[PDB]
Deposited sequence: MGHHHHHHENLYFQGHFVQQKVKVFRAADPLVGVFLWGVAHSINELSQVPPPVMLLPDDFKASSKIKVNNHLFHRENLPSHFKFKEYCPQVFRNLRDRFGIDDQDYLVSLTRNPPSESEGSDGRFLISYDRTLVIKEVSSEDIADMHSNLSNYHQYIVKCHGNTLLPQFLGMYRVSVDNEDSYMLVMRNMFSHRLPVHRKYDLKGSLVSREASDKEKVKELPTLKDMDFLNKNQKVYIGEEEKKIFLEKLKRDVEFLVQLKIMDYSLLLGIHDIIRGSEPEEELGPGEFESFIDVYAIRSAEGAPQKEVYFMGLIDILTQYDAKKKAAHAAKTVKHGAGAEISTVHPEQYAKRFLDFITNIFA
């Protein structure tokens, strides 16, 4: 795919360009308004695994470099995860070969919304020291191949780098409890919803100590989302039946040995009401 090639080329280019820039002791407000653009035009030269004409744009390289550092990701390991071996594809979504990272395509409007809140997000990551249930935004890019702009967003993978997820839920806490379609339920790993969760009498057995840490994190993250006037997010719930930042192991007493994976996902009826109902639903899980 031309896009993945340009994307991998671009990540290698931007990290190498960053390798020359010393990291600043502080991010200035203009670093949130910053971008790096490269336009390649090869005439009769490279026609192999990479197109002759393309553009690549990295948004706020200083901001995302610092966010990576806060999330404990070295710039070199980030590059290796993304480029040493090709990423695998899902249904537009990719996972790094090592399963540590995830690359999601987003729209131009999603990028515009992400810019308005990038400073508020950075300030929040500083305050909670990278310890959050929110997506860890690691890179934001625009790849251009044959009059087609694709906006790519790199995030830490919420699911395991080794353990396979056996059951998947998208929890919202909506008053009208949504259900996965007939078409969805025939897949190997369907994304089940609230009504599916309730109908299956599913419970998460993690123990009061881990639950307290989880609920405190969630409450702040959701309060932060409400302050940004954000709604329609979900709790991604992954269950593994018997390096992982979002993983919580089954309590010693649990009737089933499981590893749960939980994070906030569609963060791009008013916000206050969304949150209370959201938090009421996953507190009862």
What's missing from the model if you number the deposited sequence from 1? 1 to 28, 120 to 123, 275 to 292, 319 to 344, 362 to 363
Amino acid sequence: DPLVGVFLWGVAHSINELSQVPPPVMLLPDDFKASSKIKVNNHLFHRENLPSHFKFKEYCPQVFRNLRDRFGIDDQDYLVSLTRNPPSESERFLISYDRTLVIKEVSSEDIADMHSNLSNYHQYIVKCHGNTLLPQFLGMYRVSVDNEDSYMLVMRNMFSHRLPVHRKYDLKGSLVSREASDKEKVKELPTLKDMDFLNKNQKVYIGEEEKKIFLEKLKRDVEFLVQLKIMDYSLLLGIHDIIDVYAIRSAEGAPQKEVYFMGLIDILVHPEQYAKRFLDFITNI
From here on, numbers count along this sequence of modelled residues.
Going by the B-factors listed in the PDB entry, is the mean over the C-alpha atoms higher for 160 to 168 or for 102 to 110? 160 to 168
Compare the mean C-alpha B-factor of 150 to 158 with that of 169 to 177 as given in the PDB entry, and name the stretch with the higher value. 169 to 177
Taking the values straight from the PDB record, which of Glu252, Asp69, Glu58, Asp30 has the highest C-alpha temperature factor? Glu252
Residue with highest C-alpha B-factor in the PDB entry, from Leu79, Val204, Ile95, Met140: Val204
Compare the C-alpha B factor of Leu133 with those of the other modelled residues in its chain, then answer lowest, middle or highest third. lowest
Taking the values exactly as deposited, rank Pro23 by C-alpha B-factor within its chain and report the matching third: lowest, middle or highest. middle
Position of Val6 among the chain's modelled residues by C-alpha B-factor, lowest, middle or highest third: lowest
Split the chain's modelled residues into thirds by Cα B-factor; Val126 lands in the middle
Here the Cα B-factor of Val269, set against its chain, lands in the third termed highest
